[PDB]
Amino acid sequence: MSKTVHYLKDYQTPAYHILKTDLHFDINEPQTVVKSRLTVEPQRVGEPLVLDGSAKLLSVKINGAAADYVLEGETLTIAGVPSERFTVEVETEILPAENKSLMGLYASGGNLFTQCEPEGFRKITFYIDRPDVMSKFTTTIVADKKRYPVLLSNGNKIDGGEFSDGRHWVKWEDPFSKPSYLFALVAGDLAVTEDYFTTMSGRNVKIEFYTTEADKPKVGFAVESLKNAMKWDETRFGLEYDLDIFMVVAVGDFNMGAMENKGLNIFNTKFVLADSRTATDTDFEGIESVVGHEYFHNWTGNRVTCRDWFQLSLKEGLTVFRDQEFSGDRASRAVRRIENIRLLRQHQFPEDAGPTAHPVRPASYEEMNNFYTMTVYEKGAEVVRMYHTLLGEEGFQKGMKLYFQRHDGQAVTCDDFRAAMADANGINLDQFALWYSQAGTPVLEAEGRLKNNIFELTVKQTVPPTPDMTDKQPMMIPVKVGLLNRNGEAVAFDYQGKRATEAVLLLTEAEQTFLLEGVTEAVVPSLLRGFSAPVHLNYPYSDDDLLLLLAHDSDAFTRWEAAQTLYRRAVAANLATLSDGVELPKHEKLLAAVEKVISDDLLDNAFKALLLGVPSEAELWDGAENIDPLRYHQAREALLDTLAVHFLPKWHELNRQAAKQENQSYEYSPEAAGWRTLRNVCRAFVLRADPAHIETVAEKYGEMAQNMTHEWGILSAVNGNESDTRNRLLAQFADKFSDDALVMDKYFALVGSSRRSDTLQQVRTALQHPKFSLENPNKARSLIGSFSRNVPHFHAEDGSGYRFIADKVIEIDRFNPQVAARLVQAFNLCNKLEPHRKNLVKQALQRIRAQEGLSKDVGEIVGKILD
């Protein structure tokens, strides 16, 4: 055997450039014929022309004559090519209705869509399908007019016409050179929603959102979010849109959230459709973030793109950071920052600790689809955010300006972005490069002592080995710090000649001591404020120290982290008692802290809600060996039961408070959303302590179902209830919203995520629900994905959870390797499990491995876990 592993160190500029890409699509039933004409520019004369492609090849020509070529695997090779400019004409045939991978050209809802990133364009035609090859596209499309009245592609519509036989055609010209992965085509019967935005230079931009006729009324918020994003990028980053047309297309079958194709973005329906009746406040915020994200890609991704796919975080890390700053500037910056940190530590940290751990800029990959990960995206954003921390907003923008000045119209690397940041500010960032090349979560060990009038903060750093790399050198780690006295008041100190109440301590060595001089009283340190670096901080805090930080600190994260720590320690105490077979702990100081949080009316409602959130099981067994997931589940559940029952009267009271302040404002707004978020936390505790309350809710369900946030909130709260009423409410829910695909996703999520004893069989029934389709990524993730993360059921001792998921990985991989490769990572905890479960997981992975024709996607992941 010899698998194909791609290595960053092997990168070489392409032997050929493509200057012009003329495409012609003849759409018929069932087949679509693609005819191309490529203007090829030799870079290394004499080398064979190598084109990537997997579509059915009908013909290929060089300068109009039948070319001498060989087709081997997914590569087309022409040995004898001219020494000077020449043309290549490829004719391929596609059957989009048979394409269930949702990559390349495929069918959905009777319409045609494309998804090309990273390497889907080669599934359409034979091309030099790599992002450092940039060409100017002109796309002609021909199709039956009544079946396909809407024909879209990148850029400006410059021509079109009618044929006597009912067909019609259009011609699209994208004047901006782009890599193949940004190509897009849409053909079908879609309703259009029109609007516009006027740029700073006074140019109107026509906005067009395309959806089904039925979904059109739900696209309003996405349009407004787009216009906000366009304005924000102008005011915050000085970036202006470069076309007089911007199109967004919703598609129900889509592997991810959205795609930033130049002037023709394609969105998963869940990140563009919403109304208060069918979408939660979180869905709205999701639309705002992703719509912004895809537009922000127009500069950070499109105008400046990636030299190679190892540089993916260059556009994704940066663009995520941008949509985060966009959402933060819109509303609730502090609360939304916590949400992002929580997401990172709950999903990215486990990845950096697991068998699939990789650097933000990987050094190798087998299948690039597997590296659109939490690391590349979210940790990538944290890396970008550290530029902002080190340089400040103005300095950051200087780097942005120089970044675009240097590389507009180019395909560059993470190094180039770092260099632009360094050169624009006249600062050295050589060591910062390690954030891109070194995987793993850094661990900080901090010690504090006040002697004389100096608070000596000693901080050590180490980064654990990862499967890709053992050697990990000291990294540039900014640690924002503060000090609180016995009364929790801000204490001033002198750091390198400056008496401020806050400072960024720059840790660059294995061990450093920071001297906070001029401290005239006892202090408790506030560390890693705002999560100034993506790291694990260990400091010897007493319980009382955490109570002080939670009660009086000025930074949102450190307050929240203090609460998180108390919860974490409480679960640790539960584990001990449950293991020793004795009564549960008292958690006296925890309960005292929570009581203070609940009764504090000066706390922001959304921030209060976060303070009342308990860390996930994954957070709780972080850095543990021989894990029994059910024991951690038991300990966490026991804590939630204690909090639920102990404060039950006050959960009602707080619920009442939030209902009054909501003030019947059921439409989405950051203000009203805050109260509902808090309200739903209360509902979760109330129905945990008093399950019978479900019957009171059911009695006045209609009165209470004033929007989807409320319906979801209550169905979530009762989803674990063993009452028959739980099942009935879910059934009524499905009946009520049977016609709304996105709401049915919620239904299947509730079925798959239930703590109830009979979840496995309810899930297997859901597989045959008429509104369920395994071939639809949203549905698959909703039902199967949720189950795979259902701790008590996925990690069932009898192994039923493992066998079920393994079957579905095998089943899904037959048509959609990407969904399957994501699903199979539910087994990532394999080697850290206790012997019995680890054995069963290994059997499942071996069974997946034994499958003939198993995708490279899943195969790569399975290898990381087993080998």
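Residue indices: 1-based, along the sequence shown.
Mean C-alpha B-factor is higher over 23 to 31 than over the other stretch, the pair under comparison being 821 to 829 and 23 to 31.
Stretch comparison (834 to 842 versus 63 to 71) by mean CA B-factor in the PDB entry places 63 to 71 on top. Among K660, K216, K315, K262, the highest C-alpha B-factor recorded in the PDB entry belongs to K660.
Going by the entry's values, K451 shows the largest Cα B-factor out of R361, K451, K736, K231. In the deposited entry, the Cα temperature factor of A766 places it in the lowest third of its chain's modelled residues.
Among the modelled residues of the chain, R122 sits in the lowest third by CA temperature factor in this PDB entry. Compared with the other modelled residues of the chain, the Cα B-factor recorded for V45 ranks in the highest third.
Compared with the other modelled residues of the chain, the Cα B-factor recorded for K401 ranks in the highest third. Per the deposited record, the Cα B-factor of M1 falls in the highest third when ranked against the other modelled residues of its chain.
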